Amino acid sequence: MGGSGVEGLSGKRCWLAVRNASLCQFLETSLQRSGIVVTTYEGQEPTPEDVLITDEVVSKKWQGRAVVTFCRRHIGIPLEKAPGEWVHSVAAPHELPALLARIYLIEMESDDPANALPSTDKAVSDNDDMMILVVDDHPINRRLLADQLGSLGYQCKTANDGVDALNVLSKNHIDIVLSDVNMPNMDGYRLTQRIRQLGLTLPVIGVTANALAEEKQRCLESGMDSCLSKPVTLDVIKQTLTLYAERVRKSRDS
């Protein structure tokens, strides 16, 4: 009924423009070990959710999630000094593929990257790290509200599953969980019950298509907090996110 369709991380794309077949094949196979689709980048468009892994000095900017520049001889592109750039002259040992899995936060393969050499002392300053998780039953809408979230400028995790939402709270710290439902392809009672039962600590926003049955069930479960319509607007999504950001600011303080 409805249509059993799951996405989540399985379907996340990674574009590769590596003429070095040795490096290209190595990286591409390692990423496809989970649910990542590596695609040959020739003249495609840059998505803010996608990463471009190229070989040698590139002449592009890639207005996306991140770009990885494996250096073979000559440089020209900066590095992590840019908003999503990573340079390293290597032949795909195991560190940068691991970095990709880290940036996506799949962590399905326990390789134990550690570090081959302390090349540079990296200062770890974290504080502005608000991670919002969006679980949508409809992939295209999932990317749509995720785009809105990315337009605000915060951590956006694109998911699709009922149990994996709760599982995500157990995996890492998401502050606000958005549950977007357009199609009743799956019973949602288990979702609210299990999420609060196993350890709900954060506010949940239930966004549903037509709050006819939603109001009744979500009140009975009382495992969300806020509720809105599937066709959410930029302003509405902005105010709700901002209010919640300041709300947790109250509880956690500085």
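The deposited coordinates for this entry were obtained by solution NMR.

Asks: Residues and numbers for the sheet that holds strand 2 (residues 36-40), please.
Replies: Here five strands make up an open sheet; going across it, the order is 2-1-3-4-5 and the pairing parallel. The open sheet has two free edges, formed respectively by strand 2 and strand 5 (85-88), since each of these has just one partner strand. Recorded for the sheet is a direction-independent mean angle of 20 degrees between the axes of neighbouring strands. As paired strands, strand 1 (residues 12-17) and strand 2 are joined by five bridges and run parallel to one another. By the bridge assignment, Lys-12 is partnered in strand 2 with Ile-36.

Asks: Pulling in residues and values, what's your account of the side chain of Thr-208?
Replies: Inspection of the secondary structure puts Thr-208 in strand 9 (residues 204-208). There is a polar contact of 3.1 Å between the side chain of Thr-208 and the side chain of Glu-214. Discounting residues that sit within four places of it in the chain, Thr-208 has contacts with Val-181, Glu-214, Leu-228, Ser-229 and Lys-230.

Asks: Please give an account of helix 3 (residues 139-152) that cites residues and values.
Replies: In this model helix 3 runs 20 Å from its N-terminal to its C-terminal C-alpha over 14 residues, within 8% of the 20 Å that 1.5 Å per residue would give. Restricting attention to buried positions, one finds in helix 3 the residues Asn-141, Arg-142, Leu-145, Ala-146, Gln-148 and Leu-149. End-on, the buried residues of helix 3 take up no more than an arc of 150 degrees, which puts them together on one face. Close packing links the buried residues of helix 3 with strand 6 (131-136), strand 7 (155-159), strand 8 (176-181) and helix 7 (234-252). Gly-153 sits one or two positions beyond helix 3 and adopts a positive phi of about 105 degrees.

Asks: Run through the domain arrangement of the protein, naming residues and quoting values.
Replies: Under the domain assignment used here, the protein contains domain 1 (12-125) and domain 2 (126-254). A C-alpha centroid distance of 30 Å is found between domain 1 and domain 2. Each partner contributes residues to the interface: domain 1 has eight residues there, and domain 2 has six residues. Taken together, both faces of the contact between domain 1 and domain 2 bury some 470 Å²; the carbon and sulfur share is 42%.

Here is what the cut-offs are and how they apply
Residues numbered from 1 in each chain as written, not as in the entry; some residues may be left out. Heavy atoms only, no water. Pairing = 2+ DSSP bridges. Helix = DSSP H or I, 4+ residues; strand = E, 2+ residues; numbered from the N terminus. Axes fitted to C-alpha atoms, helices over the stretch in contact; angles between N-to-C directions. Polar contact = N/O pair within 3.5 Å; in protein donor to acceptor, adjacent residues only side chain to side chain. Contact = heavy atoms within 4.5 Å. Expected span 1.5 Å × (residues − 1). Buried < 20%, exposed > 50% of the residue type's maximum accessible area, 1.4 Å probe, protein only. Arc of directions from axis to C-beta. Domains from an automatic or database assignment. Buried area = accessible area lost by both parts, 1.4 Å probe.

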